[PDB]
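Enquirer: Could you work out the structure for the sequence below:
(chains A and B, ligands or ions: 4)
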There are 2 protein chains.
Amino acid sequence: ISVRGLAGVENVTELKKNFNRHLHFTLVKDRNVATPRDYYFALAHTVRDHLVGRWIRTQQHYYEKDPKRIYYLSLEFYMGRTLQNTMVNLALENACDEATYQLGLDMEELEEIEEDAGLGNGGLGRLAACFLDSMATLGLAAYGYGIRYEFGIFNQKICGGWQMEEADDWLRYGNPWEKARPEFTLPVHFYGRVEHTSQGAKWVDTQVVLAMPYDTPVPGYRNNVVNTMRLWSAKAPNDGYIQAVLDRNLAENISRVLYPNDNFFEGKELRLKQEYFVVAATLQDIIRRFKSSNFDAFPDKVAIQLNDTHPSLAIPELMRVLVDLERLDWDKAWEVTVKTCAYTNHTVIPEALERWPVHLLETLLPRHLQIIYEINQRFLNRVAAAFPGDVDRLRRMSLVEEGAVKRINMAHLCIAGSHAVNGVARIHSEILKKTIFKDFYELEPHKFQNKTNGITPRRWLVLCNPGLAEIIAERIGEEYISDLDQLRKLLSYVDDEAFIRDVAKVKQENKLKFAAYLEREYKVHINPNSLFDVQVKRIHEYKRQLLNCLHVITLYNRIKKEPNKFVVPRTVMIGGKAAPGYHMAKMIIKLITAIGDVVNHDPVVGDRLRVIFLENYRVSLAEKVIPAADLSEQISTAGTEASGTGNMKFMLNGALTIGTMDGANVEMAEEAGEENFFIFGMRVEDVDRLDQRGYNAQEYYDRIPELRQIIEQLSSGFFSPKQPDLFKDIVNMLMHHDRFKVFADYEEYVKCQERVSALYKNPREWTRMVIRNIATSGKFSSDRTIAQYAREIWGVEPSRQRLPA
Amino acid sequence: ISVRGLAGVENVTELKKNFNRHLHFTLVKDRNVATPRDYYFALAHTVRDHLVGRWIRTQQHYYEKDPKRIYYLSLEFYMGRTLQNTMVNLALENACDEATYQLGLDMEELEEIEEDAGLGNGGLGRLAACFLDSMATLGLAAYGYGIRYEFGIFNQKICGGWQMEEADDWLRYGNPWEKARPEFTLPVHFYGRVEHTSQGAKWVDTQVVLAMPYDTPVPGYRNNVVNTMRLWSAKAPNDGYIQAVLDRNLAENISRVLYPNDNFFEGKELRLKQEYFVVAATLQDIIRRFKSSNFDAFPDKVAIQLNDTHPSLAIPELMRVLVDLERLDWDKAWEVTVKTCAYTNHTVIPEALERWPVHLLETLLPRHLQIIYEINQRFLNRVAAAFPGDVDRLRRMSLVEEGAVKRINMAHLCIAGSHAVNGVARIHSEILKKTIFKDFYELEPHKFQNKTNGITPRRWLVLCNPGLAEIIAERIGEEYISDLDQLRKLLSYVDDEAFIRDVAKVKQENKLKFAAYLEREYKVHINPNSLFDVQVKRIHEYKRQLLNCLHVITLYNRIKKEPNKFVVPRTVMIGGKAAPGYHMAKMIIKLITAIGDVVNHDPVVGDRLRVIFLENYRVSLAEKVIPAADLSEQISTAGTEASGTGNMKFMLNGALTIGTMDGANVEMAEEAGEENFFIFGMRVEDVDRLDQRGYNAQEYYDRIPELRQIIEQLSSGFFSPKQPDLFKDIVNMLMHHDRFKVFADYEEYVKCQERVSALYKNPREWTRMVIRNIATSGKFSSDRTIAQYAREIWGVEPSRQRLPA
Ligand SMILES: CC(=O)NC(=O)N[C@@H]1O[C@H](CO)[C@@H](O)[C@H](O)[C@H]1O
Ligand SMILES: CC(=O)NC(=O)N[C@@H]1O[C@H](CO)[C@@H](O)[C@H](O)[C@H]1O
Ligand SMILES: *Cc1c(COP(=O)(O)O)cnc(C)c1O
Ligand SMILES: *Cc1c(COP(=O)(O)O)cnc(C)c1O
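Expert: Residues are numbered from 1 along each chain as shown, chains lettered A, B, ... in the order given. Ligands and ions are numbered 1, 2, ... in the order given. Shown next is the protein structure:
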């Protein structure tokens, strides 16, 4: 069937009986009234049973050996589905496939019933998910800590070409993977005031909200390790009658919904509450566990990784506990804090940086504000001693920003209180040291590091592309699944006629599979022989879905100009959600559907060009589209995409990449060789040069006839007959206030696209270049990334040793 | 030793005795007083003896079979040396090498004594030479007809960094290859007047100049065919006494010297006389030979190819003879003329086009002017009938140009009187139909053809690069020498570790060989490990040696900026002659030497960068430098280099190419694959777009810091301390009247150059790309070119059959 494990006689028999047992006792159903959803749950509970034993002994193992614990704090964990992933990591896939087959059921059908755990917005949230997988696979005593949102990222509906949002009620039918632990509920304090008495300050008259944890198992790849992801849920304490009970839903709103902002900051009180909620509950858990195992050894037994500044309050909260509750002297407490905390930055765009108004912190967390002021005072004294007389440096590095309203720069807070600060791609980390954090780098160079992102090869290859994983294993074995660098061995098969044919065959199969799904759940048909040109990621101006749109319109205009001229057929697919309040992003989605409305119904175009907007892009959809892609669009303006991870997913799955020298694209091209990548556009240096001179879009419009035609088509209502000026905001933006210079890369982009079409016409050479990419994608495994965090930041050695059964 | 033929016992013995025989009887010398020059001549006469038998029987063969004869008229035949070429084509090289070795002589030393037959300026003249070789190799009854200049292209001396010209007295020691044929002397008429009497017009009261032919053998490659190149020499007829005899050197001045203008037109009377002289004498020879074999069959037995418009007078001269002397009716004569004549265009630059003032033709060739007017009248009547009312078309297509001084457009004359008109590269031929000759193409589309240039693989591979020819023959045999397409078979050795090593070894050997020669005859040393970056061709603004200079200065400035940074070492070599009256070209030569003066003596640069100007570039020097080159510079502004041929020479000899999509570069990249070529810059379409908008160099100067620095260095006297404003004319030109937009391609050029340096750092991959180029250079053999002329223009079939011993 495939290398999805063995389908043993004893195991298939056992799975079948436990399946029927759960269907009866757990679901309380009989085969006469059971529906597909019932079958999915019976299967889920059956697979879940297999990891409880390992989950219990893994945790017992950590208690006995007492290794250093790694705590990954994040407000997002974009997990997706967990049924297939669990079967994969437990080598249970073929057995379950056979067992369900014998029961007369199609396992693939049941898998589609599971709801995605969409507790994330995009890249940052997915990274945390891949990291959890790699830490377990590498045998690290790691814990993921976050919030159990009852509503994750909204489900996207497209109506009249516009994005409509609807609540993601993912818990409606229940979650078989989590285990509520009400017995470990902890109190979290808000508001109140600070009292300064004899020995120490006291935080009193606070409002209390309970934090109830739900644990979810995180299985390592075939090593019998099962780590834990603990998500906190808000509960009101039990201490007009009716109204008082109804108002409990004021405290519980803290864990109600995920804020849908990808790369953007909203200073809302509810978001601040969520951030402190996760931090306060998590730190009590960490300390409790530690006291079990003098806080001098705290950093030797504890490491906390801050995923962006969202959990930055961990720094002053740790100080508060050590100083106020444990009564350690400030200097001692600060030493411990810095040594246990590390911070990861994910973007350089100013609007994404968290800068909380002082009046908010003052009211919600009065003690933390005082602690932050003290940290700032002591930090600035160090700066002053290192750079005497440099008064502007003092104001630039302050954690407190003056102006209209005073704010606290959480990024500055994180750098000051962490022993390590890292970017997520080489070019990004360099940019941090040369620009945004230049002053900090000059003060403490040793703190700055790079940790290039990666993706887990389990979910992003074995799970979503079994056909490719199989033809690869046929040649080099299965060891690469947990040691991706072994993919390089495929380089010796680049001239192998058999391999070339198999690689091309799996891609065609994936495309047919996806082309079918498209008609199944969406209905509209597409041509499987065309080049699948896809750009899937959150909608943002910096990602430039608009540059993609300009190319699509260029292709359409060229066809209309010379209809009987041959052009490589293409299906361009664009998908991604827009933040609810991001007007421009919503206009871009409308533009895409509008283009499709014209292009997809033009008789002259035929099946040579199709424009489709992939609705509700999420983890489960990514697993379907990526394995089917031919061309991966990674065209952000140089210097804006910190790393990107979708780019790695495409590379590992046999798609060629067209992109700018931005984020990880640079290292990907470096690994595969620039001749095997379609690079175009301005480099970071070119962008800076243009800014020095002053970007004037008009220049491009005046010197490029094809570009002018497109703008006039948009302006005149060619793509919006009933509403002639529908896209006036888009044109105005491109022409007068385009922060990402779409026009500047237009010419080189279309030129580059012609080169990809030329290579696609030569199937054999296209595939050989593909093999060159897959063979060199090893560096982008999150196992490599985590091994570097472990050795260079956390001070722990990864292990590939199977746990005692 | 190598595949330079067999060194048979009988043959070596025979060669030795004939060598001593000539040294004694021919040179009248003894081994005690003989010098190296004497030995060269003894060897030359010995090899010459071997082709006389074949020369006599080849001509007898043509007389007996009476095939259609091909007459290639050219005012230039850039032959170079003929000793080694003769040995190669006769398979006598190893035998002569052994024979001279036994006599205690070094044949290579003797070969260097021979004077180049530099009867050409550059590309057009060398093409005629390669064509003669291919026509003989293909068994065509072909005759090259030209002028025996007693002084060829001037010898170039560099003094104080400036070009100095000195007479090329190539006949000083005699020419052993030619055979004077005073018995076949023919009369040529000049001046006079036209008398219209009873039956026909008569050209009377003319001045007579005798045309004395000298025949030179043209051996085919190992097929025993020996064709003839007949060059005419001017002689005064024998009919104050002293002064009258001394004035004979007025008529004989016609064949005294080659006009040194490459791509430029000077309306000098002496040049016009040379053009008619070659045409008049040649046509009498052709007709005489024909009458031996009703002029209705004339086109079936005769084909005359016009190399550019230089011999364009052949059209009205043929009409004059047929109408005035043979008394054929005009229409009949015109039919014959058009059917036997074909014209090849070599450039689209307006200043190169021949437009003779009517007053000159009126005085020198009164009858021809009348004939030209009549041709024009009848031609315009045809245009008027095809495009009624299009009066501007009439004036655009006229052979007579009105204005300040009336002139005759010789190109229009050629198109009207030829049944075929061809460009010399696909892009060039297309440009002719879309621009310069658009009106003519619309009137007679069937006349326009393309015949992409080529080079002879005998002189340009076997002769100049025996080491490479040998390692190639080792794998695929020697058949490729006369069937270059077989080189494709080398594609299956691109991964062969042995071949890769041998290809790289021959290149290193060629470079050491050249590096030595450089110190031997010029003294100044160079680093053999560096990348040999060479640009050799006549000096002209359109070829852009200046863009090369800008890159060199950029490299030097970058080194000075970061001295301890590593950069791939390079030796950039630039060579070529400038027309004596072309001021800008002479300033460019001075700039190059000036750059070297600074760069080559900068301690900080060391041996990382050297700039050398190759003095007296000519055919013999090309045979030395090309096999030693790593990088071939073919950077003309798109649309200006009709074809180029030096580019083909480099490709065949293992050098990678950096160039624009111009001339044959386009087809070369097409044959090898664009990934194996270093293409950069504007395409023809981009150039046109810039001209529409208006080229403003200032823009580039303002937006490119590195470019600005260079211009300021040139302007301030950085490269000319004693003469601060020495290069003011160059800067003024670049900044205000640059017809070839050097600045427009600067950025992309330097970027491309960085990519070549990157590949050079990886010896193995550099060599594999080289193999890819050599393997696909087959299309550029002049045998392919001539086979197309034969079948598509001359109506004759080429033959590879050995002539009966
Ligand atoms: C706040 C923020 O930057 N959100 C976010 O999703 N950032 C994303 O994080 C990913 C993982 O590091 C990176 O690959 C992306 O480049 C970055 O935009
Ligand atoms: C008059 C003239 O164009 N001279 C000349 O040398 N032209 C040259 O002829 C060569 C052979 O066709 C071409 O390869 C060159 O591109 C062209 O410049
Ligand atoms: C991988 C992934 C992302 C990140 O994509 P980028 O192109 O790096 O922004 C976002 N959303 C989902 C569902 C993903 O799987
Ligand atoms: C081949 C050759 C040329 C022509 O070179 P291009 O670069 O095509 O102009 C000119 N001069 C000599 C001596 C040549 O051998």
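Enquirer: Could I get the contacting residues of the closest residue to ligand 3 within the stretch 351-500 of chain A?
Expert: Per C-beta to the nearest ligand atom, residue A:455 is where the stretch 351-500 of chain A lies closest to ligand 3, at 7.1 Å. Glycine gets a C-beta too; all of them are placed from N, C-alpha and C. Applying C-beta atoms under 8 Å, 6 or more residues apart in numbering or on different chains to residue A:455 gives the contacts A:130, A:645, A:648-649, A:652, A:780-782.
Enquirer: now it, which residues is it bridged with?
Expert: Per DSSP bridges, the residues bridged to residue A:455 are residue A:781.
Enquirer: So residue A:640, which state does it fall into?
Expert: State at residue A:640, reduced to three classes by DSSP: H, G, I helix; E, B strand; the rest coil: coil.
Enquirer: how far away is it from ligand 2?
Expert: Distance of residue A:640 to ligand 2, computed by C-beta to the nearest ligand atom, to the nearest Å: 46 Å.
Enquirer: Which other helices and strands does the helix or strand hosting residue A:231 contact?
Expert: Per DSSP states H and E: residue A:231 is located in strand A:226-235. If contacts are counted by 3 or more C-beta pairs under 8 Å, 6 or more residues apart in numbering or on different chains; DSSP states H and E, strand A:226-235 sits against helix A:36-65, helix A:123-137, strand A:142-147, strand A:207-219, helix A:269-292.
Enquirer: Go through those and name the closest to ligand 3.
Expert: Across these, ligand 3 has its closest neighbour in helix A:123-137 (3.9 Å, C-beta to the nearest ligand atom).
Enquirer: List the buried residues in that closest one.
Expert: Residues A:123-137 are the ones in helix A:123-137 that count as buried (16 or more other C-beta atoms under 10 Å in any protein chain shown).
Enquirer: Kindly indicate which of those lies nearest ligand 4.
Expert: The closest of the buried residues of helix A:123-137, once distances to ligand 4 are taken by C-beta to the nearest ligand atom, is residue A:123, at 52.7 Å.
Enquirer: Leaving out the residues flanking it, which one is nearest to that closest one?
Expert: residue A:645 (5.4 Å; C-beta to C-beta, 6 or more residues apart in numbering or on different chains).
Enquirer: follow-up on the earlier one: could I get the helices and strands packed on strand A:226-235 in CSV, plus columns for distance to residue A:27?
Expert: As requested, these are exported to CSV (distance: least, C-beta to C-beta, whole Å):
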stretch, distance to residue A:27
helix A:36-65, 5
helix A:123-137, 28
strand A:142-147, 29
strand A:207-219, 21
helix A:269-292, 33
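Enquirer: Would you format these as TSV with distance to ligand 2 included?
Expert: Shown next, in TSV, are the helices and strands packed on strand A:226-235 (distance: least, C-beta to the nearest ligand atom, whole Å):
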stretch	distance to ligand 2
helix A:36-65	73
helix A:123-137	54
strand A:142-147	69
strand A:207-219	69
helix A:269-292	69
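Enquirer: Tell me which of the ones you listed sits nearest to residue B:203.
Expert: Closest to residue B:203 of the helices and strands packed on strand A:226-235, according to C-beta to C-beta: helix A:123-137, at 89.7 Å.
Enquirer: Could you export that closest one as CSV, CA atoms only?
Expert: Extracted in CSV, the C-alpha atoms of helix A:123-137 (Å, rounded to 0.1, in the frame of the first residue of the first chain):
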residue,chain,number,x,y,z
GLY,A,123,3.1,31.7,9.8
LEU,A,124,3.8,32.5,13.5
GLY,A,125,1.0,30.1,14.6
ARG,A,126,2.0,27.3,12.2
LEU,A,127,5.7,27.6,13.3
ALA,A,128,4.7,26.9,16.9
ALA,A,129,2.9,23.8,15.7
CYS,A,130,5.8,22.5,13.6
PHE,A,131,8.1,23.2,16.6
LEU,A,132,6.0,21.1,18.9
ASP,A,133,6.3,18.2,16.5
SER,A,134,10.0,18.6,16.2
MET,A,135,10.7,19.0,19.9
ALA,A,136,8.8,15.7,20.6
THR,A,137,10.6,14.0,17.8
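Enquirer: That'll do, ta.
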